[PDB]
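These notes concern the structure reproduced below.
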Amino acid sequence: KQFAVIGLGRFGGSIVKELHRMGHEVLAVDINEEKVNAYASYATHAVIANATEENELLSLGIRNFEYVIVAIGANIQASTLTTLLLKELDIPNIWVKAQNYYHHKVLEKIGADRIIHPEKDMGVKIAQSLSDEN
Ligand SMILES: NC(=O)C1=CN([C@@H]2O[C@H](COP(=O)(O)OP(=O)(O)OC[C@H]3O[C@@H](n4cnc5c(N)ncnc54)[C@H](O)[C@@H]3O)[C@@H](O)[C@H]2O)C=CC1
């Protein structure tokens with residue numbers, strides 16, 4: 001029902017723009033307001049928070065998003081700690097972007113419903129499109 005994207009880089013911000021362009025409402029959170037301000041026009045609600053902190057997550061109300069996406073970047077701990085925190089919030093679905101075989105492997109066992117490798121996955125998606133192209 002609900003969609004929450006944590007981390008507004010090229011990936012996360014993109015998935016926030018699309019869900020908007022598709023007519024869905026999104027909660028878009030990040031730690032530096034520059035980012036939050038950059039998507040205020042696309043998110044049904046854009047907030048400034050540190051998703052690694054227990055309390056900010058409750059003032060976020062994340063407890064009620066069927067889907068949450070951890071699209072944080074070059075910072076692996078925040079990523080996992082965040083996915084770890086909310087994993088304990090009982091979020092039915094948490095998808096996380098990954099960049100490490102290591103990272104992937106921990107997320108895997110932490111209980112992440114879906115791990116994403118933009119580069120690898122986009123890879124298969126294209127080979128896919130090539131075959132389709134005839
Ligand atoms: N998703 C991941 O865990 C990882 C990604 N990487 C790689 O790092 C590269 C850099 O990617 P970008 O998206 O451009 O990274 P980036 O540093 O530009 O953006 C990450 C975003 O998440 C935001 N954010 C929101 N809440 C945060 C919090 N509590 N702590 C930290 N950041 C928070 C940051 O402020 C920022 O906008 C990527 O291409 C990715 O492949 C490397 C390690 C982990």
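Chain identifiers are assigned as A, B, and so on, following the order in which chains appear in the structure tokens; residues are numbered from 1 within each chain, and ligands are numbered from 1 in order of appearance.
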
Name the residues, by chain letter and number, that sit within 8 Å of ligand 1 using only C-alpha atoms and all ligand atoms, and give them as a PyMOL selection string. chain A and resi 6-12+29-32+35+48-53+70-80+82+96-100+103+117-119

Please report, as JSON, numbers by chain, each residue of range 6-129 of chain A to which DSSP assigns helix (DSSP H, G or I) when run on this structure's backbone. {"A": [10, 11, 12, 13, 14, 15, 16, 17, 18, 19, 20, 21, 33, 34, 35, 36, 37, 38, 54, 55, 56, 57, 58, 62, 63, 64, 76, 77, 78, 79, 80, 81, 82, 83, 84, 85, 86, 87, 101, 102, 103, 104, 105, 106, 107, 108, 109, 110, 118, 119, 120, 121, 122, 123, 124, 125, 126, 127, 128, 129]}

CA of residue 64 in chain A sits from CA of residue 105 in chain A at a separation of 26.9 Å

Can you list, as JSON, numbers by chain, every residue of chain A that DSSP puts in strand (DSSP E)? {"A": [3, 4, 5, 6, 26, 27, 28, 29, 30, 45, 46, 47, 48, 67, 68, 69, 70, 93, 94, 95, 96, 97, 114, 115, 116]}

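Pairwise distance (CA of residue 28 in chain A, CA of residue 57 in chain A) equals 12.3 Å.
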
For residue 95 in chain A, work out the shell of residues within 8 Å, counting only C-alpha atoms and skipping chain neighbours fewer than 6 positions away, then give it as number ranges by chain. A: 67-70, 112-116

To one decimal place, how far is CA of residue 42 in chain A from CA of residue 20 in chain A in Å?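 Interatomic distance here is 5.9 Å.
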
Contact residues around residue 21 in chain A with only C-alpha atoms at 12 Å, ignoring same-chain residues under 4 positions, as a VMD selection string: chain A and resid 14 to 17 25 to 26 41 to 44

Residue selection dump (C-alpha atoms) as an mmCIF file, in the first residue's frame:
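In the end it all went to part_12.cif:
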data_model
loop_
_atom_site.group_PDB
_atom_site.id
_atom_site.type_symbol
_atom_site.label_atom_id
_atom_site.label_comp_id
_atom_site.auth_asym_id
_atom_site.auth_seq_id
_atom_site.Cartn_x
_atom_site.Cartn_y
_atom_site.Cartn_z
ATOM 1 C CA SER A 14 14.843 7.979 -9.217
ATOM 2 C CA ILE A 15 12.569 5.439 -7.733
ATOM 3 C CA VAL A 16 10.889 8.297 -5.852
ATOM 4 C CA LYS A 17 10.417 10.342 -9.026
ATOM 5 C CA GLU A 25 2.309 8.605 -2.954
ATOM 6 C CA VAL A 26 5.777 8.298 -1.419
ATOM 7 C CA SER A 41 8.264 18.476 -5.447
ATOM 8 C CA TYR A 42 8.062 14.742 -6.221
ATOM 9 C CA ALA A 43 7.322 13.195 -2.878
ATOM 10 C CA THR A 44 3.892 13.220 -1.351
#

Find the residues around residue 46 in chain A up to 8 Å (only C-alpha atoms counted), leave out those fewer than 5 positions away in its own chain, and share them as a ChimeraX atom specification. /A:27-29,36-37,39-40

Serialized selection, N, CA, C and O atoms, as an mmCIF file, in the first residue's frame:
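Contents of again15.cif, as written:
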data_model
loop_
_atom_site.group_PDB
_atom_site.id
_atom_site.type_symbol
_atom_site.label_atom_id
_atom_site.label_comp_id
_atom_site.auth_asym_id
_atom_site.auth_seq_id
_atom_site.Cartn_x
_atom_site.Cartn_y
_atom_site.Cartn_z
ATOM 1 N N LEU A 27 6.891 8.414 0.696
ATOM 2 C CA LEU A 27 7.534 9.055 1.825
ATOM 3 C C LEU A 27 8.997 9.035 1.384
ATOM 4 O O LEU A 27 9.550 7.982 1.102
ATOM 5 N N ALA A 28 9.608 10.203 1.288
ATOM 6 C CA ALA A 28 10.995 10.291 0.875
ATOM 7 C C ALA A 28 11.869 10.942 1.969
ATOM 8 O O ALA A 28 11.767 12.143 2.233
ATOM 9 N N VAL A 29 12.731 10.136 2.599
ATOM 10 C CA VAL A 29 13.620 10.618 3.660
ATOM 11 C C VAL A 29 15.110 10.506 3.348
ATOM 12 O O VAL A 29 15.555 9.573 2.684
ATOM 13 N N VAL A 36 16.587 16.327 0.436
ATOM 14 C CA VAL A 36 15.174 16.401 0.762
ATOM 15 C C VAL A 36 14.502 17.552 0.022
ATOM 16 O O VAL A 36 13.372 17.418 -0.435
ATOM 17 N N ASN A 37 15.194 18.678 -0.107
ATOM 18 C CA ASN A 37 14.626 19.821 -0.803
ATOM 19 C C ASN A 37 14.550 19.532 -2.294
ATOM 20 O O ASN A 37 13.649 20.011 -2.976
ATOM 21 N N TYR A 39 13.717 16.895 -3.777
ATOM 22 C CA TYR A 39 12.641 15.990 -4.137
ATOM 23 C C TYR A 39 11.334 16.379 -3.484
ATOM 24 O O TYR A 39 10.356 15.640 -3.564
ATOM 25 N N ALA A 40 11.308 17.536 -2.833
ATOM 26 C CA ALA A 40 10.090 17.980 -2.158
ATOM 27 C C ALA A 40 8.941 18.067 -3.159
ATOM 28 O O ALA A 40 7.776 17.856 -2.820
#
